[PDB]
Amino acid sequence: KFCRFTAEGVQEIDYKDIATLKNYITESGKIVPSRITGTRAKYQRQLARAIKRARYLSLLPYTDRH
Amino acid sequence: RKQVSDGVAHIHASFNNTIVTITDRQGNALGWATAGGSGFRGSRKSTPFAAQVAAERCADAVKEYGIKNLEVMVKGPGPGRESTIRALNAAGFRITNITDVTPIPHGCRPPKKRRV
Amino acid sequence: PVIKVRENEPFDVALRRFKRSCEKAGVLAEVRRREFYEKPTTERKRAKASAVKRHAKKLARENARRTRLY
Amino acid sequence: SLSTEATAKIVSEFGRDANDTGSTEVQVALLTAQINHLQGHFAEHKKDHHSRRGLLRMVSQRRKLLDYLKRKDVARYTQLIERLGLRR
Amino acid sequence: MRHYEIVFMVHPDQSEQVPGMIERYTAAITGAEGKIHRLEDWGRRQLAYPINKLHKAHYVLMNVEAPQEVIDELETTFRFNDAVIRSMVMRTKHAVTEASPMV
RNA sequence: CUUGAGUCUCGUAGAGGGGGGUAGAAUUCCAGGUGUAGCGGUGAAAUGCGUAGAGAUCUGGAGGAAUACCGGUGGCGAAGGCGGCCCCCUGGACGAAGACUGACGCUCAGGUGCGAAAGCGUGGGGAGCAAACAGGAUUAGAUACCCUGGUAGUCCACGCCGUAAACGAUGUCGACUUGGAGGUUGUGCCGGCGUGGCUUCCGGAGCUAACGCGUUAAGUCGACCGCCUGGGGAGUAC
Ligand SMILES: [Mg+2]
Ligand SMILES: [Mg+2]
Ligand SMILES: [Mg+2]
Ligand SMILES: [Mg+2]
Ligand SMILES: [Mg+2]
Ligand SMILES: [Mg+2]
Ligand SMILES: [Mg+2]
Ligand SMILES: [Mg+2]
Ligand SMILES: [Mg+2]
Ligand SMILES: [Mg+2]
Ligand SMILES: [Mg+2]
Ligand SMILES: [Mg+2]
């Protein structure tokens, strides 16, 4: 648990921040549920938007079999 | 007749059958064997044992290329997933890596549910 | 679920590491879930039924802790 | 919705003070300004039923405010609907 | 004038045009009294997946405030420019004069 | 007159809606390479596909449709419904500090609009799926269930239809009446203590024929509307 975005007081999860985003996807590239990471509901949504937004720019992968 | 020493095994494990194709790293097939063509029909064909025999025959089919290391790419939900990888090791190949390449739509409408 | 076999690693445990990685990815369930079409009416009837049954077992467990069998 | 600029141009032009944002005249002029602006939106987006429902509430709200103004003092009512170019 | 964050990635073979295209886009925005709040050149990076068989691309990030009409010509210019293989224009609430987590 | 109703100012969350663009996965088709005897399917088979080289595997292309994970008795919408990402246009809700108008309200027969899916019209598109249809089985028979195919249709634009177990089987608005456990989204003060909105489960009095509902009432009341009067005939005939 212990959402790390309330803890760090983030205002937007900032898809360009690939260092953070890689902590919230699995080895195969799927978004990890807020139930597992204990992210708040509000930030989990912004996290999913940032991850999909980074996947489009090829900063992150969609799958592991590209 | 050529010597490669470095091939890729493609296990195609469906609910009804298992197909093992050993290709080189470039994706050109060297040989293949199936559970159905290994003397198994119907109920037998879709067992883990039928896939093991299929794996051994495919290893026996590519013996003239002298493959030494073998990547294993497993596809499908079939009962012949795990037992086919063991049989490749039992033959005497070196499994360098094992991957699941089962295609997942992120797609088309699937067929209707069977009312059995 | 890409497992690269490591040095001095026995085969079986790498085969154990592979079985783990595919289950954590839930690919086998994902394939079985996509083989027949599921109506939106039924996916919702199931989701709901899952939640209400997930809920009921929690309260049943909370309650059974305040009980004696003998 | 309308910009704060335009809202302030209406408040000052129709209210007797810049703080008189609640007078019937200001409200009717504010709704009329947004009703007229949306005519261009629905000339291109005829299949926008959800946004048109909010528009018809401005039409209904403005009608209820004019009917109130008419029976309280006609002098301000007739002076207002001519500035806004309303049939009634 | 609205705020926009533009991230466009360029073909690695025409990275030498990357310095050139920036001033042309800068001139177009600054021609229309638009500001440029940020402008970072990420250079060449490794792609997460192949894009038009490319494995690297030249990423350029800029934050601007322009009238929204001007951004359209940028979007049209990115569209017909075969140097640009992918782009993204996004509205931002305020000016973003900081530094990307990539620098 | 200001407490109901509304306006203005700052912000928040959201699959609210309409238009345009785009991405990745997968299916199918096409062309080619490697390769060779099966594939597929089932309870089991057969139809079917395959030596005219299938299936498997790799490469390039075309195309359409839907957006895995996130995803949640989570959110938004009057309801129907709404789910990749980006932009443009647009609706509503909520919250904080005031100011403003000055009860300006509620309900609403007739009227008006919106209204799943199927269906209809005109013009497109058509991958996958799939009524009809064809074949293979199963069976006493099997106008089915199962299998292999497969056309309307499903998709787009515009127009019509106007119905659903369109359901919370619970009309709308307002006031009042012990609690507990959550979710979600604001906000004030110092993880702690408040205060709002929406929402899920349990339960008290009360109510109910009972099941149950229970501050989101099916409790106590007020305002207005809709509707019922044994079953069938019949939501049928004219
Ligand atoms: Mg089938
Ligand atoms: Mg308003
Ligand atoms: Mg009526
Ligand atoms: Mg329809
Ligand atoms: Mg039609
Ligand atoms: Mg037609
Ligand atoms: Mg059929
Ligand atoms: Mg419904
Ligand atoms: Mg319902
Ligand atoms: Mg009824
Ligand atoms: Mg209860
Ligand atoms: Mg009738």
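Heavy atoms only: backbone and side chains are in, while hydrogens, waters and symmetry mates are out. Per chain, numbering begins at 1; letters A, B, ... match sequence-line order.
Nearest nucleotide to the side chain of A:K52, out of F:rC70, F:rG17, F:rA23: F:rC70. Of the candidate nucleotides F:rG91, F:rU73, F:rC69, F:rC69 has the atom nearest to the side chain of A:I31.
Judged by the 6.0 Å and 45° rule, D:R83 forms a cation-pi pair with D:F14.
Nucleotides F:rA37 and F:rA52 are separated by 15 Å at their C1' atoms, to the nearest Å. Between F:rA103 and F:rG4, the distance separating the two P atoms is 15 Å to the nearest Å. Spacing of P atoms, F:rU215 relative to F:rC198, comes out at 14 Å, to the nearest Å. As rounded to the nearest Å, F:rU42 and F:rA137 have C1' atoms that lie 10 Å from one another. When the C1' atom is used for both F:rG75 and F:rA117, the distance is 25 Å, rounded to whole Å. For the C1' atoms, the distance from F:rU34 to F:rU151 is 39 Å, rounded to whole Å. Annotation: F:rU216 and F:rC173 have their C1' atoms spaced 15 Å apart (nearest Å). Between F:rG91 and F:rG162, the two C1' atoms lie 25 Å apart (nearest whole Å).
Taking only side-chain nitrogens and oxygens, A:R49 comes nearer than 4.0 Å to OP1 or OP2 of F:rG14. Side-chain nitrogen and oxygen atoms of A:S34 include at least one within less than 4.0 Å of the OP1 or OP2 phosphate oxygen of F:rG71. Close to F:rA66, at under 4.0 Å from its OP1 or OP2, lies no side-chain N or O of B:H106. For the pair D:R57 and F:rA93, the criterion of a side-chain N or O lying under 4.0 Å from OP1 or OP2 is met. Neither OP1 nor OP2 of F:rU185 sits under 4.0 Å from any side-chain N or O of A:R40. Neither OP1 nor OP2 of F:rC58 sits under 4.0 Å from any side-chain N or O of B:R25. Residue B:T34 places at least one side-chain N or O under 4.0 Å from the OP1 or OP2 atom of F:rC39. For F:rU9, one of the phosphate oxygens OP1 or OP2 lies less than 4.0 angstrom from a side-chain nitrogen or oxygen of D:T4. Between D:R52 and F:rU90, a side-chain N or O to OP1/OP2 separation shorter than 4.0 Å is absent. For the OP1/OP2 pair of F:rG91 and a distance below 4.0 Å, the side-chain nitrogens and oxygens of D:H49 include no atom meeting the criterion. The side chain of A:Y43 places no N or O atom within less than 4.0 Å of a non-bridging phosphate oxygen (OP1 or OP2) of F:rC70.
Using a 4.0 Å heavy-atom criterion, one finds that A:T26 contacts no nucleic acid atom at all. Across all strands shown, C:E43 has no heavy atoms under 4.0 Å from either base or sugar-phosphate atoms. Contacts of E:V89 with the nucleic acid, taken as non-hydrogen atoms under 4.0 Å apart, involve only primed sugar atoms and P, OP1 or OP2. Nucleic acid contact class of A:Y56 (heavy atoms, under 4.0 Å, all strands): sugar-phosphate only. At the heavy-atom level, B:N17 lies under 4.0 Å from the strands shown only through sugar-phosphate atoms. In this structure, A:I25 reaches neither bases nor backbone, as no heavy-atom distance under 4.0 Å exists between it and the strands shown.
Within the 3.5 Å criterion, the main-chain N or O of E:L54 finds no donor-acceptor partner in the side chain of E:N52. Distance alone, capped at 3.5 Å, places no donor-acceptor pair between the C:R32 side chain and the C:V27 backbone. Using modelled atom types, no side-chain atom of E:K56 and backbone atom of E:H11 make a donor-acceptor pair closer than 3.5 Å. Between the side chain of B:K68 and the backbone N or O of B:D6 there is no donor-acceptor pair closer than 3.5 Å.
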Enumerate all atom pairs, one protein N or O and one N or O from nucleotides 192-198 of chain F, separated by less than 3.5 Å.
none

Contact list (N/O, under 3.5 angstrom) for nucleotides 144-148 of chain F vs protein:
{"unit_1": "F:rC145", "atom_1": "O3'", "unit_2": "B:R115", "atom_2": "O", "d": "3.2"}
{"unit_1": "F:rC145", "atom_1": "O2'", "unit_2": "B:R115", "atom_2": "O", "d": "2.3"}
{"unit_1": "F:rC146", "atom_1": "OP1", "unit_2": "B:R115", "atom_2": "N", "d": "2.9"}
{"unit_1": "F:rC146", "atom_1": "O3'", "unit_2": "B:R114", "atom_2": "NE", "d": "3.0"}
{"unit_1": "F:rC146", "atom_1": "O3'", "unit_2": "B:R114", "atom_2": "NH2", "d": "3.0"}
{"unit_1": "F:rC146", "atom_1": "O2'", "unit_2": "B:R114", "atom_2": "NH2", "d": "3.2"}
{"unit_1": "F:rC147", "atom_1": "OP1", "unit_2": "B:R114", "atom_2": "NE", "d": "3.0"}

Sub-3.5 Å pairs of nitrogen or oxygen atoms, protein against nucleotides 199-201 of chain F:
{"unit_1": "F:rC201", "atom_1": "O2'", "unit_2": "C:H55", "atom_2": "NE2", "d": "3.4"}

Review item, nucleotides 100-110 of chain F N/O atoms under 3.5 Å of protein N/O:
{"unit_1": "F:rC100", "atom_1": "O4'", "unit_2": "D:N19", "atom_2": "O", "d": "3.3"}
{"unit_1": "F:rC100", "atom_1": "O2'", "unit_2": "D:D20", "atom_2": "OD1", "d": "3.2"}
{"unit_1": "F:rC100", "atom_1": "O2'", "unit_2": "D:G22", "atom_2": "N", "d": "3.0"}
{"unit_1": "F:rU101", "atom_1": "OP1", "unit_2": "D:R16", "atom_2": "NH2", "d": "2.7"}
{"unit_1": "F:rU101", "atom_1": "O4'", "unit_2": "D:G22", "atom_2": "O", "d": "3.2"}
{"unit_1": "F:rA103", "atom_1": "OP1", "unit_2": "D:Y68", "atom_2": "OH", "d": "3.3"}
{"unit_1": "F:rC104", "atom_1": "OP1", "unit_2": "D:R71", "atom_2": "NH2", "d": "3.1"}

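Residues satisfying the salt bridge (charged side-chain N to carboxylate O under 4.0 Å, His left out) criterion with D:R88, sequence neighbours excluded, are absent altogether. D:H41 pairs by the side chain to side chain donor-acceptor pair (under 3.5 Å) definition with D:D48, not counting sequence neighbours. Residues passing the side chain to side chain donor-acceptor pair (under 3.5 Å) test with E:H58 are E:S15, E:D41, sequence neighbours excluded.
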Which nucleotides of nucleotides 154-163 of chain F have their base under 4.0 Å from a protein heavy atom (B), which only their sugar-phosphate (S), and which neither (-), written as one string 5' to 3'?
----SS----
Using a 4.0 Å heavy-atom cut-off to protein, can you give one letter per nucleotide of nucleotides 44-49 of chain F, 5' to 3': B if the base is in contact, S if only the sugar-phosphate is, - if neither?
SS----
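Taken from OG1 in D:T32 to CG in D:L66, the straight-line distance is 7.0 Å, to the nearest 0.5 Å.
Atom-to-atom, CD of D:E25 to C1' of F:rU7 comes out at 13 Å; the value is rounded to the nearest Å. Per the geometry, CH2 belonging to B:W32 stands 9 Å off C1' belonging to F:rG35, to the nearest Å. For the pair C:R54 CZ and F:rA181 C1', the computed distance is 17 Å after rounding to whole Å. Distance CZ (D:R53) to P (F:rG18): 15 Å, rounded to an integer number of Å.
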Report, one line per pair, each donor and acceptor closer than 3.5 Å where one atom sits in a side chain of residues 2-12 of chain A; sequence neighbours left out.
none

Report all side-chain donor-acceptor pairs from residues 20-30 of chain D shorter than 3.5 Å, counting only partners two or more places apart or in another chain.
{"unit_1": "D:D20", "atom_1": "OD2", "unit_2": "D:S23", "atom_2": "OG", "d": "2.8"}
{"unit_1": "D:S23", "atom_1": "OG", "unit_2": "D:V26", "atom_2": "N", "d": "3.3"}
{"unit_1": "D:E25", "atom_1": "OE1", "unit_2": "D:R76", "atom_2": "NH2", "d": "2.7"}
{"unit_1": "D:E25", "atom_1": "OE2", "unit_2": "D:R76", "atom_2": "NE", "d": "2.6"}
{"unit_1": "D:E25", "atom_1": "OE2", "unit_2": "D:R76", "atom_2": "NH2", "d": "3.2"}
{"unit_1": "D:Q27", "atom_1": "NE2", "unit_2": "D:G22", "atom_2": "O", "d": "2.7"}

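Of the residues in residues 61-88 of chain B, those with a non-hydrogen atom less than 4.0 angstrom from any atom of RNA chain F are B:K75.
Proximity of B:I22 to B:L70: side-chain heavy atoms (C-beta onward) are separated by under 4.5 Å at one or more points.
Evaluation of atom-type donor-acceptor distances gives no pair under 3.5 Å for the side chain of E:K53 against the base of F:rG60.
For the residue pair A:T26 / A:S28, a side-chain donor-acceptor distance below 3.5 Å is found, with atom types taken as modelled.
Syn is the glycosidic conformation of F:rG72, whose angle stays within 90° of 0.
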